[PDB]
Amino acid sequence: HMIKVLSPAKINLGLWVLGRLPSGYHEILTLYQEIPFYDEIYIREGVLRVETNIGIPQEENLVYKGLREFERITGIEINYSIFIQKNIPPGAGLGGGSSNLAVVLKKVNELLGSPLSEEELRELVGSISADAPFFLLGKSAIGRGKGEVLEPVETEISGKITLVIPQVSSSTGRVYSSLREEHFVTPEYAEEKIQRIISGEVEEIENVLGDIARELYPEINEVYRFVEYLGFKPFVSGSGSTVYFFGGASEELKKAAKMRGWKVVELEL
Ligand SMILES: Nc1ccn([C@@H]2O[C@H](CO)[C@@H](O)[C@H]2O)c(=O)n1
Ligand SMILES: [Cl-]
């Protein structure tokens with residue numbers, strides 16, 4: 001009866017902030033890209049539990065929060081034991097928690113005769129994480145609003161991408177909170193940037209949350225500077241901590257990573 005579901009990561013191929021919302025959130029423009037980098041989620045019939053291999057408490061886990069809201073909305077008891085093998089580190093800017101939430105809930109909804117429609121499911125996961133609705137789509141999509149208003153697109157981006165992930169966990173809240181008015185841009189500026197990236201101009205990627213994350217967490221800056229030294233343009237996903245570049249990992253990078261406690265992920269798009 002136990003089943004396995006894969007939970008993919010994303011990167012932001014550019015992110016812009018338009019301004020503050022009264023709710024405390026921020027209006028943004030970003031290009032989401034799903035990457036072949038997965039948590040392994042095992043689902044079995046049993047008492048409701050959500051466990052990970054990295055000691056995330058159950059009450060703080062977004063999957064648990066979503067399953068309980070599912071129980072609440074539906075009146076149906078969730079009799080599933082969830083174990084998540086976390087390959088995607090929390091605070092990496094890769095949406096691992098949000099992906100976990102989307103994929104488990106999509107799956108549990110299906111297993112229970114689909115009481116929630118596709119709009120309702122997207123509402124549920126979106127109310128917990130703005131990054132979660134993207135993972136109900138996958139592939140490539142422009143995220144507008146807070147990220148949850150999605151437009152599927154076809155990009156001309158392919159080939160090698162290497163993620164370099166330092167041990168430090170970046171707080172998405174602490175970074176967003178550091179945003180001054182000089183960091184904001186008009187949506188017209190950002191919309192022009194995104195279409196160039198979509199057409200394959202990766203040099204057009206930028207992300208002000210990365211700029212700020214590099215100064216709040218000096219180790220993100222060290223990774224960034226190290227990638228430059230290796231001869232590549234570095235880019236930052238989410239609010240950090242992940243730095244990515246379009247190329248392969250050399251032995252010198254792999255050694256630096258092993259010494260420094262960085263995680264290196266070699267992907268092909
Ligand atoms: N579009 C978004 C998305 C996220 N956030 C900030 O990040 C924290 C964790 O998601 C949220 O609590 C919030 O502070 C934001 O300001 N705007
Ligand atoms: Cl960037």
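Please read every residue number as a count from 1 along the shown chain.
Any Cβ shown, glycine's included, is placed from N, Cα and C.
Counting only residues at least six positions away in the same chain, the Cβ atoms of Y32, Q33, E34, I35, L94, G95, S99, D131, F134, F135, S237 sit under 8 Å from the Cβ of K10 (active site). Feature annotation from Swiss-Prot assigns active site to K10 (among others); the stated evidence is sequence analysis.
As annotated by Swiss-Prot, active site applies to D131 (among others), with the evidence given as sequence analysis. According to DSSP, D131 (active site) sits in a coil region rather than a helix or strand.
Under the DSSP three-state reduction, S99 (ATP binding site) is assigned to helix. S99 (ATP binding site) has a Cβ environment of 30 other Cβ atoms inside 10 Å. According to Swiss-Prot, the feature ATP binding site maps to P89, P90, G91, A92, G93, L94, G95, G96, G97, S98, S99, an assignment based on sequence analysis.
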Across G91, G93, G97, listed as binding-site residues, the smallest other-CB tally within 10 A is for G91
Min neighbour Cβ count (10 Å) across binding-site residues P89, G95 flags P89
The correct three-state DSSP answer for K10 (active site) is strand
Residues sitting within 8 A of the centre of the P89, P90, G91, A92, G93, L94, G95, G96, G97, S98, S99 CB atoms (ATP site), not counting those, run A9, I88, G238
